[PDB]
Each structure stands twice: as C-alpha cells, then as structure tokens.
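We name chains A, B, ... by the order of the sequence lines, and we start the count at 1 in each one.
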Amino acid sequence: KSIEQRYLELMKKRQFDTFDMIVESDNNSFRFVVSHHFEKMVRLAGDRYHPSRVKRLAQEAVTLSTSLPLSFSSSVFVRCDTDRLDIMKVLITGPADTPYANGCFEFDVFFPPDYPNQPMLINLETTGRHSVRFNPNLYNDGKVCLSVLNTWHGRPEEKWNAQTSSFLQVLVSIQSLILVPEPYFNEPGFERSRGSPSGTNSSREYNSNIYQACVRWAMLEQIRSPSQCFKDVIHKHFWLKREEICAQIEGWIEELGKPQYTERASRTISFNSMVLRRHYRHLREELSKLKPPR
Amino acid sequence: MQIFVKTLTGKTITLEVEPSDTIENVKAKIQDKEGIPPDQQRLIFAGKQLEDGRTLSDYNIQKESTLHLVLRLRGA
Amino acid sequence: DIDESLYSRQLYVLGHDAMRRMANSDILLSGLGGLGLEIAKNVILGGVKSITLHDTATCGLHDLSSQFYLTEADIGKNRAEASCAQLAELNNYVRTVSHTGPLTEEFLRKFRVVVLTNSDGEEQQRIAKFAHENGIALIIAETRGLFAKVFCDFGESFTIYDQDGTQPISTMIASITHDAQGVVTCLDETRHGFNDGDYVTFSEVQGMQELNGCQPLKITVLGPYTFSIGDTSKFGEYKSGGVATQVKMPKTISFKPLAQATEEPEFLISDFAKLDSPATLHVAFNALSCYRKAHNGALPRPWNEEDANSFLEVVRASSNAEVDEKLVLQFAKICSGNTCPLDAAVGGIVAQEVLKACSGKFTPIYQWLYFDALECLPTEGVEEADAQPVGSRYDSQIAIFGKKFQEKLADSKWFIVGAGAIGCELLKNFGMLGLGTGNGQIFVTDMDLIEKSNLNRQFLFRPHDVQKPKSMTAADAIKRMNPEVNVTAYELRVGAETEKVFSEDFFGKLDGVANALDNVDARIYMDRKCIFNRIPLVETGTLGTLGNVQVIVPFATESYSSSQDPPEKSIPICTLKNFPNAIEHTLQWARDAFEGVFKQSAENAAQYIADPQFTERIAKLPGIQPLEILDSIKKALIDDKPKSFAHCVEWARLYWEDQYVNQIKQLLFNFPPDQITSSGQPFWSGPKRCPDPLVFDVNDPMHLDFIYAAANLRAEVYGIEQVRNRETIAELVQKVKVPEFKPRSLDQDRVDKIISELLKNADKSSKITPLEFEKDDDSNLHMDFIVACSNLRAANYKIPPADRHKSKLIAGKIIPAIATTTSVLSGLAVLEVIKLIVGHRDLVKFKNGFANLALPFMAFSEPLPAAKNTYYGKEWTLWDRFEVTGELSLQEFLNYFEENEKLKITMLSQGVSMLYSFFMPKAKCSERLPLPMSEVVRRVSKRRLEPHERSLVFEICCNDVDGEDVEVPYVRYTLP
Ligand SMILES: *P(=O)(O)OC[C@H]1O[C@@H](n2cnc3c(N)ncnc32)[C@H](O)[C@@H]1O
C-alpha cells in the first residue's frame, strides 16, 4: 500500500474517542489530570445545563463519530471526556502548501450550559506560551476570531445560528479559512494590497516567521511533549510523514535563501532562516529517535 | 393585504402578506425587517399566541390587523 | 441634586429631568382603601415632593382585605390618619401629611395632581370641572370586585418630552446621494432601526459638513438599510464618515374634561380578546352611582339575583346603547367585594400615571382604561349563601370568591423564590389573600442581604434593616401586616448545592412555585424542578417599565425552557482589543483591565502566602500550568511589589503610558493612519476609528483622576496605606521617569529555580489581597477607576465620553427597576396564582401577561399547549416519563428498555454526566455493565449520593427496531 493509503487507513480509527480528563478526588471533588484552558469556566458552570443541551450534544457526538474531515493533507481529531461531552480537545494538522503544513495545532473546547443558544468556547493551546501569533485570527493569548462564533448583530447568514451552526462547521471553518496558504492577507484592508510587490514582500516576511514558529511549536514541542490525549495520534502522524516533513522544511529553507529586493525584509528573512535551520536541526535529531508504532 | 406589527417597546412595522401565508413566512418577513430569529419571536393576536405550522386564515387576521411582538424579561 | 445612592435604579428609568420635576410636585390622594394605599405607597417610593392623604371614611373589618397598614385595633379611626404614620416611613425625602376636612376650592389649588378614589358622582364631577378649569391634573380610579376603572385628565395642553422611554439609536453612514431625494445608506448593510417618520441629526460628516449639528430632519424609511432625508443638493459632495442619531421630538396633546369625555370615551384596550368589554364596563361603572342613590347608598348584595336584576334594569334605563347583559349581571354580582392583587395592579398603573402627570415623561392613558379578571371566578359561579360575610378580615374577599375558596386558600402551600421587589410584593399579596393561614404555609428563600439601593422599590425593608437577610426580614414584616400568616424563611440559593433542604420531599407537599428571580439559571433550575415534581409555576420578570408573566401548568402548557430568549450580546475580540467605536467597548475594556490588574494578578500570590504547601500542590499540575502559576507568583511578589506609595504612583504612571501611548503607537505602526485599500476606501474608515496617542498632562483632570484611582487601588492591593490627597499625588507623579518606547515588527529546572527564588527572596509577611469589584460603594474608587480608564480609551479613539451615571449603568450591568411595574406584574402573577388555586385546567382561563407602562401597553395570551410527539404510536409531552423501580444493574437497565419499550439505548446520561454511550471505551463499558445504577452514577459524577435523594433522572437517546433515532420521554429511576 502507498504511504497515503496507510496513513488514511490508520488515522481513520482514531478520529473520535474519549479520554480520562477528570478523575475522582477527595471530599466529593474532581481534579483535571490534563491541562484544559476552560477548567475555571467548567468549575464555575457547575452542574448547570439547558435541557436542550443534552440532545444537541448527543446529535453532535453522533455527527462527529463519522463526519470528521480526514485527508492526507489535513485532518481533525476530537477527544472528549469519558463522562462529559461538553469538555473537548481538538487536534488539527496543517493543510499542505501552507506555512502550517504538517503541524499539529491543539485547541480546547468547552460547551457552555446555554449551548446551542450561545456559541461554544474554543481556545488555541499551541501558542508557544503566548510568544507566537500564528495567524491574524489567532491571537497569541489563544483567542480565536471567527464570525461564526459571534452572536453580535453582524448579519443573519454570518452569526452563530442555534439551528444551522454546528461543531463540525466551526472546525471546517477554522481548517479552511484560518490555515490559509497566505495568512498575511487574512487581516481586513490588507486583502486588497495583494498582487503588489510590497504586499508580496510582507506576505513573504509573515510566512518566514510562521515557518520557524510552526517548526518549533507545532512539530518539535509536540514530538517532545505530546498531549496525553493525542500522544498516539501525534506519534503515528509524525512517524508516517517524517520524510515528507523533512523535504518540506528543506524546501522552505531553500525558498528563504532566495535573494530579496528590500533590505528591511531581507534582514528579517535572514534571521528567520537562521532560526529555521536551528530548529530544523533539532527536529531532525528528534525524528530519528521516533520508534516505529506497532 | 397589509398588516402591522407592534413591538413591546412601541416600534411599528408594516408587512405585506396574503391571507394564506404561514406563520413561518410571517416570521421570516419580520426577520428581514428587524433581525430577530424566528424562534425568538412571540406574536400575539386577539389573546392568542401564533404558533408555527398555521396560516393567517385560522387566526382570522385580516387587512389592517395589528399583531404584537412580545418578549420575556430577566429582572426581578 | 437627586440622591443617587437611593434612587440609583429609578434614575435609569426616569431620568434627572423627570426626577427634578417630580421633586417639585404636590400630590393629593382622596380615599385610603386598598387601592388608595397602593397608589400612595408607589407614589411615595417614587419620590414626589409631598403627598397629602385625605379620607372621610372610617376603618372597618371589610377594609382589612387589602389595607395592610390597618389592624383590628384601628377600627373606628380615620383611614388616612391611621395609615399616615406608617406611610411616612417609606421615604424620608417625601413630606406626608393627613387631611380630614372638606375638599374646598382653595384647598385644591395647592396640588399639581389630584387623585380621586371612592368619591361619589357629584363630588367627582365638581372636582373634575374645577381641576380642568384651573389646570390641575386629575386621575379617577375605582375597583369593584374583579373590575377596574382609570380616568386621566391632564389639562388642555399637556407636553410629553419622551413619548416611549426608548434610548435614541445612532447609525454609521456609508454613502449619501447628492440629489433632490438624497438617500442615506448604512454601513456594510447594518439595519439602522429607525422608525418611519423619525427625526434624526447628523454629526462627524465630512464633505456634507453643513448637516453637522443641524436641526432634526424628518426621514422616510425606504428599506431596512436605507432612508431619505429630503433635498441634499444644496450642500457639498459627501466624502466619508457621518453618524445619524435619532432625536426624541416632544408632543403636545389635549385632554377632554370629564363631562365631555364621558359622552365620547376613548378606551385603552387591556385585553384584545375582550374588545367589547370596555363599552359595557363604562356604563356599568356609571350606573353604579345611580343604583347606590336608589338603594340608600348600598351596593348590590354579593351574588344576589334580585339585586343583579335591579342593577341591570338601572343600566338599561340609564343608557340607550346595547350592552352585554351577562357581563352587567356578573359585574353586579361581585361589585361589592374587594381583593388585594387587583388593587395592587391598579395602584401601580395609577401611580405611573401620577408620575407621568408630574414629570411629563411617557405617554399617559388616553383617556379611559377598563380591566377585569373574571377568569379567576369558578366556572359554575358562587352560591349566595357561600358568599355571606362571617365577621372575618376576608369578608370583602368572600364576597367575591366565597368561603370554600377561602378554606382552599388557608390550606395552600406555596414557594416563593427570591425576595426582591417582586418577591416582597408577592409575599404581601399572599399574606393579604390569607394564603397558608390555616394548615398551609408560605415558603420564601433568598441568599442576599439588604442594601440601601433596595429600599427604593422594596417597601418591606427599612433603613435600619440594612445588612439583614432579605427573606427573614420580609417574613417578619408581613407577619405584622397580617398576624395569621404562617411563613418559613430560608437564606439559601436554589440550585444543585441546596437540594438537601429543597429535596423531593419538600417539593412533594407544595402546591405551586412563584418565581421572583433576576437570572436565567435559577429560572431554568426551578422550571426543571417544577417539571419533575409536576407542580404549577408562575414566572415573572421586569425590565424598567417592561414586564411579563408566564404561567406553567402540569400536563397542560409548555415549560419555561420550551422557548428561547435572545442571547446576551457579546463584543468581537478584535473590536474590544484594537478597534472600539462605542463607549460600551471602552467600558468593557476598562472592566477587563480592572479585573486583570487588581484581581487576577494577585490571586496566586495570596494563595501562596496563605497556604504553606501551595508550592507542592502546584508542582503536580499537568502541562505548563505550574510554570504559569509560579511565574505569576514571582511577578506579583518580587518584581512588581511596591515598597512605598511612591512606587505605586510610579507603577500607575507607567501603566497609563503603556495603555494610552505605547500600545496605540504600536497599533498605528502596524496600520498607518493614511493606509488606503486598493479599491479606494481607507483602512481607518467606517467602524474603525484612527487612534492618536495621548500626551500626559498633570493639569488635565482625567489623567490625574486615573493616576489617583490606580495608585490608591494598587496600594490597597498590597496593603500600603492609601494617600487620598490629590495635590500630593500630582506632586509625586511629576517626578516619575518614563522610559523611551519604540515600536517593533528544562521545565523542571525552571520550576525548581522559581521555587527557590520564592523561598529565598519572597517574604510571607506581605498582605497581598485581590480586590472584588463593588459598584455601589463610592469610597472604594472602583467606579472612579473604571470611568477614568473608559474615558481615556475613548479619548484615544475620539469616542464621546460617558459620565459616571452611564458608566455605572453599563459596566455594572445594572438592571433598571421601578416600583410601579413591580406592583403591576405582582398583581398579575397573584391573579394567575388565584386561577391555579381555584382549579382551572383549560388554557382559555389562564393568561400570559405582557406590559409596558411607558406606552401605556398591556396585552395577554393563552399559554401554548405542550408539544406532542409520538414513538410507536404513543403520544408524549415534556410532562410524561418512564417509571423504572428498584435497583438494577446497567445491563439490566438496558435490557428492561430493549424488552419492554422495544428501544435500543445508544446514549444514557444523568444531567451533565454520561453513564453509557455507543462510542465509549470497551473496557469501561465492560466495567460499568454489572454495577448497580446508583454505583455507576456515583462513579461517573465523582460525588456521593446523599441520603435525601430518593430518585434519579436519566435522559436516553434511543433507536427503534428499524434502527432510526426516536425521541422518548425522560426516565425516573426510583432508588430502593
Ligand atoms: P431583584 O434583583 O430585586 O430580585 C431578585 C432577588 O432574587 C434573589 N436571587 C437571585 N438568584 C437566586 C437564587 N438562585 N436563589 C435564591 N435567590 C436568588 C436575589 O438575591 C434578589 O434578592
């Protein structure tokens, strides 16, 4: 079988599953054994829930057990608490031909008690301890900016709709509109500057920054210290695609080595290329240590 | 036919409907003109609350009839 | 000025101009029965300059049915004199006096508004003519059994300054056409919301600068996104920008005198299903006086057929118009009675009309309002012998409902959740009704304590009752009004944590629940409890002049959760972060800054100081959490710890610079001010305002205010003594050196190092204390800091600043409230409670109520029946459930359904937990199958089962024999 066929056959079984995120503690309390961003909100909510939330979450789980996107380019993996559907973690691999390609990005999802009336809360965890802004819509504090997650006035076809909107729609929206090939033009106003040499240089600078950011945090830290929920998935994904990842990073380094027209962008590109080589050496060191999965 | 919808805050809305439209259609026209989703709208007429799946003929809503768009409040 | 600390909630409804006008108005109230007492109470709580209570009747046993300020010892005394002493304690800013002399012409000239109750026809006509001739607002109110009448005559020329009570709406302008019918188009297709025929004004318009600050212009709404303002060809070409703001145009109307208005009445409709009722009620109320004149001043006897026939004959003789004879007979049969909730509602309406007359705000009743509550009566009526008086304080109520209904009331048990304004009014109405005075009981619960701002609309509390529990104080207060009332009070918040007291046994002996809460979570919880225990629930909610009542009947109507309310409006992350365009965004940003700076930055440090073993506890946390806590503790305790107030001032100055200069400079570096997109529109256009960094000036009051508040709060956090001297802080802040800023384009080892640093350098003698945001205290400087921060951020983006009043309204999430609305909606709720206690089950009798006292508007609807669904041909609603008894294993539980109900359970849940599912791990599924359901619930929910829990509720998602999903009722699992 081709490597793509093996990847598709192996990652299909682990798309949706449950993990022990919460365990019993003393004096009728519970503690988190995994790092969840919305633990404080979970504790504040307590046992409050709207009656429709149970049915909505059951339907969402039924949809997610079979309809999660999966391809050799990008895939989505969802883990939920074994006893609570409203606490979830999402792993999205970067699509091909983008600065995020083959990078594992982890999100924390909490469904509020008012769901599906209020939109769910999603926060990006792969931020490099808030030192990296991966996208104009992905602030370094973890907040995700999407129109579908807004109940504010907006426009009826763009707001969060209690009938039409769903978790799968939000995941696909992130996967296809945030991890775009040219994230620089995601900012409004900058979109119409594309096609000009200055816009091209700015996009190249942004992509050069994102290259090293992704290589360090989305790949190296995920291999070194994977999340307990996605350990097996991350190991399999990085073992099956080590050669492709190495070739892609070498291509990135070669692209960054091309001459630049402006010195201001040239200095930043050279610095980012140096950092990218420094991180790629470590990544090559780590990839060789990956024992093959059974 | 033309009907009027009064909001609990006193704003008046004019709709162009037909005696056979359904309540879903009326709510959709209201959604165009105001912006509330149809499931958040409470229409009162002649002591009756309009429910989805019925037409204006059952409620005997005729020309120049006035509907009331009410809502619930969370104070106390 | 107006004492905001007392009138805080009422100011957001009325306004400063209205409150100033009411503070100069003298009120005369004639008649001190139940209705008059309610009117006086609401008016006094409103805060008029003075009120004079006039009455000629003496207190009797029949007055105790609704007068809560009269006792049996007051029988024989003048009602006004007896109630004046107790009424004066409601508000010390209002001068309350009592008058017993005749209502001479010279005496009437001293009052702005005159309210007439229980006055006869001749006196009514004379006083109305005199008041209309001499420019005195007149209101006439009456209550006869279950009927009401309100008349308003505010003079020949009455000016209304705010017709509807809604805030003006402003919209951003995208383009204005330059022609004879210029059309204004809104921004990026956002609905303006302007009504047709509105008046608007323009500001911040570039190119068409002539429209800036112009007089209001009548508009024509051409669509949901565009409107026309007339000819715009005389002005310059429109460039960009512009904000159109709605302007409230005053209206002047003329009121007919009483004599003319009687012949040509204009009716305000109270129920749109009774359009013919007001015409008949007008004649009935008019002919009541003739009947009294013809029968020695005696009203028709309760439920007497002969007197009803005589009254019908009198009505026929007095008028030639056709009337509802059945309605006339029903009116005659119960016109001699009197009940409390109707009096409360009519008093709340009449008091709002008095406030309208005083202040000129909101639209008055034009001109007659007639209300009835005939659905509270039994369908078969009341026998005459049952309605005879028995020498009790409920005689006027027995004259309406009979003695058997009084016995039913005495044995009723009802639960009131929340003891706020609505809760206090419900308690008063239940006490005066006689509910629970026999073998029944009245339960009231509330977790809050009494604050000063609560005294404005909660009449059961006194200034010396501050810091006492609400529920206990309210119960003690209503015990004095009616000694026979049995009340049990709790200081508990209803929820999952208090089910030990509010167990299934507690709800098992209840007859109903009345909701008086201020949040949706408690409403949802109480709705779920009422569904599970199958008891009726009455839900009430208010917002300013708006109110609503919903009645939920088991097996009859839909529940509270069956419908959805609009979600709470949030703010987009980018709008709050980088591009604010309204004062709400800046206020939310200031609130978040306050929280993050004065609370979140010190919680970990305080916990570390208090708990010696905090480090070892946080060393076991997963992920990067130990580092994220240890570095915050280090930053709070070593790096940013101020050793003196001078360091606090320096930190405040640096924080000001970072927030209003450095970050704005960085944002402008990222996006240049003159950036223009390819198609032509600049980046800093439309909803985005180009900011400009501020320049610090110690002479500027705003900058010094921010420095003062921030430094004092920072000193309070670390325990340093505050320096509340503006001159000293101004002197100190001028010596601070601001560093230059330029825009820009092993974990275990770190944990051990930080722990060692905390053990060595950090001192446990510190007194770090996070601050809790309190808005109602003016000496804690929280609101001062919020106002300064929000106004400075607004000055950054050229957003118009907001004063302390609006900032407190928005940032504090204050819900405006007034007493008149509360009284109306509690009266309506108690009427629904009476209907429930009677035994009505048809949805025709029950009425969901909606009101807006500003319009004035009232409307009703039948509650919607519960939705019906079918599985295997069996109909079920939200009230039906499965009954599974005994103790069963999980496998036995699944097999029970699979064998009896022919349903395959694919997902079994208990609340937020998940006991079983199709995608659960095989090992856990095998483990949980042989265990009893109680043990499975204990394991999954991670908490013990309390002994008071006698049953559990399960929600199941099932598949039929054909493999398709079907909706099924929930399961009630009875523990052995
Ligand atoms: P308004 O805010 O004047 O009246 C509301 C009162 O209800 C009390 N309250 C709110 N939420 C609860 C719960 N869950 N349980 C008991 N009491 C509640 C508030 O404290 C106000 O007194």
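Ranked by heavy-atom pairs under 4.5 Å with chain B, the list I815(C), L825(C), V844(C), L543(C) is led by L543(C). Contact count versus chain C (heavy atoms, under 4.5 Å) is highest, among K6(B), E51(B), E34(B), for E34(B). Ranking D565(C), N852(C), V520(C) against chain B, the residue ahead of the rest is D565(C), based on heavy-atom pairs under 4.5 Å. Among the candidates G165(C), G541(C), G193(C), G420(C), the residue making the largest number of heavy-atom pairs closer than 4.5 Å to chain B is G541(C). Comparing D32(B), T12(B), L71(B) by how many heavy-atom pairs each has under 4.5 Å with chain C, the most go to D32(B). Most heavy-atom pairs under 4.5 Å with chain B: of the set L864(C), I422(C), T166(C), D164(C), this distinction falls to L864(C).
Contact annotation for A854(C): neither backbone nor side-chain heavy atoms come within less than 4.5 Å of a heavy atom of chain B. Looking at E425(C), neither its backbone nor its side chain comes within 4.5 Å of chain B, counting heavy atoms on both sides. If you measure heavy-atom distances from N195(C) to chain B, the contacts under 4.5 Å come from both the backbone and the side chain. Neither the backbone nor the side chain of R457(C) comes within less than 4.5 Å of any heavy atom in chain B. For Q163(C), no part lies near chain B; criterion is any non-hydrogen pair under 4.5 Å. At a 4.5 Å heavy-atom cutoff, the contact between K33(B) and chain C is made by backbone atoms alone. For a residue to count as touching a neighbouring chain, one of its non-hydrogen atoms must lie under 4.5 Å from one of that chain's; by this rule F857(C) touches chain B with the side chain only. For chain C, the nearby parts of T9(B) are the backbone and the side chain; heavy atoms of each come within less than 4.5 Å. Interface remark: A421(C) contributes backbone and side-chain atoms alike to the contact with chain B (heavy atom separation under 4.5 Å). When heavy atoms are compared at a cutoff of 4.5 Å, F194(C) approaches chain B solely by way of its backbone atoms N, CA, C and O.
Taking the side chain as every heavy atom from C-beta outward, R72(B) and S563(C) approach each other to under 4.5 Å. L8(B) places a side-chain heavy atom less than 4.5 Å from the side chain of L546(C).
In this structure, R493(C) places its CZ atom where only 12 or fewer heavy-atom neighbours from other residues, nucleotides or ligands lie under 6.0 Å away. The environment of NZ in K569(C) is crowded: more than 12 heavy-atom neighbours from other residues, nucleotides or ligands sit within 6.0 Å. The neighbour count for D276(C) CG, taken as heavy atoms of other residues, nucleotides or ligands under 6.0 Å away, does not exceed 12.
Within the model, atoms CG of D518(C) and CG of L73(B) stand 13.0 Å from one another, a figure rounded to the nearest 0.5 Å. Going from atom CD of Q49(B) over to atom CD of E558(C) covers 6.5 Å, rounded to the nearest 0.5 Å.
Chain C is approached within less than 4.5 Å, heavy atom to heavy atom, by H68(B) from residues 58-69 of chain B, ordered by number. Heavy-atom proximity under 4.5 angstrom to chain C picks out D39(B), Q40(B), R42(B), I44(B) from residues 36-44 of chain B.
Between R523(C) and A76(B), the shortest heavy-atom distance links the atoms NH2-CB, 4.2 Å. Of all heavy-atom pairs spanning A273(C) and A46(B), the tightest one is CB-O, 3.8 Å.
Ion pairing of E862(C) with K48(B) is present here, as a side-chain N (NZ or NE/NH1/NH2) and a carboxylate O approach within less than 4.0 Å.
In this structure, a donor-acceptor pair under 3.5 Å is absent between the side chains of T542(C) and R74(B).
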